[PDB]
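*Asks:* The file below is coords22.pdb, PDB, C-alpha atoms:
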ATOM      1  CA  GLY C 282      -2.072 -14.021  -5.627  1.00  0.00           C
ATOM      2  CA  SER C 283      -3.524 -11.925  -2.753  1.00  0.00           C
ATOM      3  CA  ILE C 284      -6.551  -9.636  -2.489  1.00  0.00           C
ATOM      4  CA  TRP C 285      -3.948  -6.873  -2.618  1.00  0.00           C
ATOM      5  CA  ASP C 286      -3.147  -7.671  -6.247  1.00  0.00           C
ATOM      6  CA  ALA C 287      -6.600  -6.456  -7.305  1.00  0.00           C
ATOM      7  CA  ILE C 288      -6.027  -3.294  -5.262  1.00  0.00           C
ATOM      8  CA  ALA C 289      -2.636  -2.822  -6.880  1.00  0.00           C
ATOM      9  CA  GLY C 290      -4.096  -3.323 -10.370  1.00  0.00           C
ATOM     10  CA  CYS C 291      -6.513  -0.478  -9.572  1.00  0.00           C
ATOM     11  CA  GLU C 292      -4.010   1.747  -7.779  1.00  0.00           C
ATOM     12  CA  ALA C 293      -0.855   1.203  -9.776  1.00  0.00           C
ATOM     13  CA  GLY C 294      -1.555  -0.928 -12.846  1.00  0.00           C
ATOM     14  CA  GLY C 295       0.131  -3.832 -11.027  1.00  0.00           C
ATOM     15  CA  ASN C 296       3.485  -1.974 -10.791  1.00  0.00           C
ATOM     16  CA  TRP C 297       4.446  -2.097  -7.148  1.00  0.00           C
ATOM     17  CA  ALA C 298       7.501   0.161  -7.736  1.00  0.00           C
ATOM     18  CA  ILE C 299       5.577   3.096  -9.168  1.00  0.00           C
ATOM     19  CA  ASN C 300       6.744   6.567  -8.015  1.00  0.00           C
ATOM     20  CA  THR C 301       5.131   9.134 -10.204  1.00  0.00           C
ATOM     21  CA  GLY C 302       5.451  12.188  -7.950  1.00  0.00           C
ATOM     22  CA  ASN C 303       1.770  12.438  -7.032  1.00  0.00           C
ATOM     23  CA  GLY C 304       2.301  12.166  -3.258  1.00  0.00           C
ATOM     24  CA  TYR C 305       1.660   8.417  -3.288  1.00  0.00           C
ATOM     25  CA  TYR C 306       4.044   5.501  -3.688  1.00  0.00           C
ATOM     26  CA  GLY C 307       4.083   1.904  -4.814  1.00  0.00           C
ATOM     27  CA  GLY C 308       1.459  -0.682  -5.577  1.00  0.00           C
ATOM     28  CA  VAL C 309      -1.218   0.440  -3.128  1.00  0.00           C
ATOM     29  CA  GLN C 310      -0.371   4.173  -3.331  1.00  0.00           C
ATOM     30  CA  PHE C 311       0.645   4.834   0.251  1.00  0.00           C
ATOM     31  CA  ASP C 312       1.418   8.408   1.149  1.00  0.00           C
ATOM     32  CA  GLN C 313       4.686   8.744   3.063  1.00  0.00           C
ATOM     33  CA  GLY C 314       3.062   9.539   6.385  1.00  0.00           C
ATOM     34  CA  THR C 315       1.015   6.317   6.264  1.00  0.00           C
ATOM     35  CA  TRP C 316       4.010   4.290   5.148  1.00  0.00           C
ATOM     36  CA  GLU C 317       6.024   5.486   8.157  1.00  0.00           C
ATOM     37  CA  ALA C 318       3.134   5.344  10.676  1.00  0.00           C
ATOM     38  CA  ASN C 319       2.394   1.676   9.901  1.00  0.00           C
ATOM     39  CA  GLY C 320       6.039   0.502  10.214  1.00  0.00           C
ATOM     40  CA  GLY C 321       7.283   0.792   6.646  1.00  0.00           C
ATOM     41  CA  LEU C 322      10.713   2.287   7.385  1.00  0.00           C
ATOM     42  CA  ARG C 323      11.709  -1.128   8.760  1.00  0.00           C
ATOM     43  CA  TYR C 324      11.515  -2.386   5.201  1.00  0.00           C
ATOM     44  CA  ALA C 325      12.504   0.495   2.930  1.00  0.00           C
ATOM     45  CA  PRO C 326      12.594   4.330   2.821  1.00  0.00           C
ATOM     46  CA  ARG C 327       9.354   4.560   0.801  1.00  0.00           C
ATOM     47  CA  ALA C 328       6.676   2.039  -0.192  1.00  0.00           C
ATOM     48  CA  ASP C 329       7.842   1.907  -3.816  1.00  0.00           C
ATOM     49  CA  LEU C 330      11.330   0.846  -2.674  1.00  0.00           C
ATOM     50  CA  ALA C 331       9.915  -2.090  -0.662  1.00  0.00           C
ATOM     51  CA  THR C 332       8.965  -5.429  -2.194  1.00  0.00           C
ATOM     52  CA  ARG C 333       5.342  -6.355  -2.898  1.00  0.00           C
ATOM     53  CA  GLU C 334       5.390  -8.647   0.146  1.00  0.00           C
ATOM     54  CA  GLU C 335       6.681  -5.885   2.421  1.00  0.00           C
ATOM     55  CA  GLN C 336       4.154  -3.392   1.013  1.00  0.00           C
ATOM     56  CA  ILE C 337       1.402  -5.965   1.635  1.00  0.00           C
ATOM     57  CA  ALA C 338       2.630  -6.475   5.237  1.00  0.00           C
ATOM     58  CA  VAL C 339       2.354  -2.745   5.903  1.00  0.00           C
ATOM     59  CA  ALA C 340      -0.940  -2.593   4.033  1.00  0.00           C
ATOM     60  CA  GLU C 341      -2.367  -5.272   6.375  1.00  0.00           C
ATOM     61  CA  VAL C 342      -1.463  -3.207   9.406  1.00  0.00           C
ATOM     62  CA  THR C 343      -2.872  -0.099   7.673  1.00  0.00           C
ATOM     63  CA  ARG C 344      -6.134  -1.838   6.783  1.00  0.00           C
ATOM     64  CA  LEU C 345      -6.533  -3.101  10.353  1.00  0.00           C
ATOM     65  CA  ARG C 346      -5.949   0.349  11.858  1.00  0.00           C
ATOM     66  CA  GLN C 347      -7.755   2.438   9.246  1.00  0.00           C
ATOM     67  CA  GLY C 348     -10.190   0.228   7.320  1.00  0.00           C
ATOM     68  CA  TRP C 349     -10.680  -0.809   3.723  1.00  0.00           C
ATOM     69  CA  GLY C 350     -12.246   2.631   3.177  1.00  0.00           C
ATOM     70  CA  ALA C 351      -8.710   4.088   2.995  1.00  0.00           C
ATOM     71  CA  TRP C 352      -8.854   2.702  -0.564  1.00  0.00           C
ATOM     72  CA  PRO C 353     -12.526   3.659  -1.064  1.00  0.00           C
ATOM     73  CA  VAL C 354     -12.658   2.694  -4.763  1.00  0.00           C
ATOM     74  CA  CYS C 355      -9.797   0.225  -5.236  1.00  0.00           C
ATOM     75  CA  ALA C 356     -10.740  -1.918  -2.202  1.00  0.00           C
ATOM     76  CA  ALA C 357     -14.237  -2.098  -3.698  1.00  0.00           C
ATOM     77  CA  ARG C 358     -12.716  -3.241  -7.020  1.00  0.00           C
ATOM     78  CA  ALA C 359     -11.024  -6.084  -5.011  1.00  0.00           C
ATOM     79  CA  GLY C 360     -14.387  -7.136  -3.498  1.00  0.00           C
ATOM     80  CA  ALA C 361     -13.658  -5.870   0.027  1.00  0.00           C
ATOM     81  CA  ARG C 362     -15.848  -2.919   0.590  1.00  0.00           C
TER      82      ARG C 362
END
Take the structure I supplied and represent it as structure tokens, if you would.
*Replies:*
Amino acid sequence: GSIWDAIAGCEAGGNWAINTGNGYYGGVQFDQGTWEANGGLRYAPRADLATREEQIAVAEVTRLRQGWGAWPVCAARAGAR
């Protein structure tokens, strides 16, 4: 496990391949602009097409640049806010 699993339970019901059409993708519900801005195209075209480990790698960069408050509720559910 990782802290990100609690975020992904909150954001995606633990399904890191979710792609529901709501403007967000994968286990931590990146939007496409954030996926691309934090290096995600190196792994896959969208977050939901990347593995959990790759999504977590991009999420780490995203959290460092933008803060846990980018997931204002689900990062709290994981104990990080």
*Asks:* Can you tell me which residues surround range 303-318 of chain C at a distance of at most 8 Å, considering only C-alpha atoms, apart from same-chain residues fewer than 5 positions away, and format the answer as a PyMOL selection string?
*Replies:* chain C and resi 285+288-290+292-298+327-330+333+336+339-340+343
*Asks:* How far is it from CA of residue 357 in chain C to CA of residue 337 in chain C, in Å with one decimal?
*Replies:*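 If I compute the distance from CA of residue 357 in chain C to CA of residue 337 in chain C, I get 17.0 Å.
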*Asks:* Please indicate the distance in Å from CA of residue 284 in chain C to CA of residue 361 in chain C, rounded to one decimal place.
*Replies:*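 Value for the CA of residue 284 in chain C-CA of residue 361 in chain C distance: 8.4 Å.
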*Asks:* Pick the closest to residue 338 in chain C from C:300, C:283, C:326, C:291: which is it, counting all atoms listed in the file?
*Replies:* C:283
*Asks:* Please report the interatomic distance between CA of residue 322 in chain C and CA of residue 359 in chain C in Å with one decimal.
*Replies:*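 Between these atoms lies a distance of 26.4 Å.
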*Asks:* Looking at all atoms listed in the file, which of C:321, C:334, C:302, C:362 is the one that sits closest to residue 349 in chain C?
*Replies:*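 Result for the nearest residue to residue 349 in chain C: C:362.
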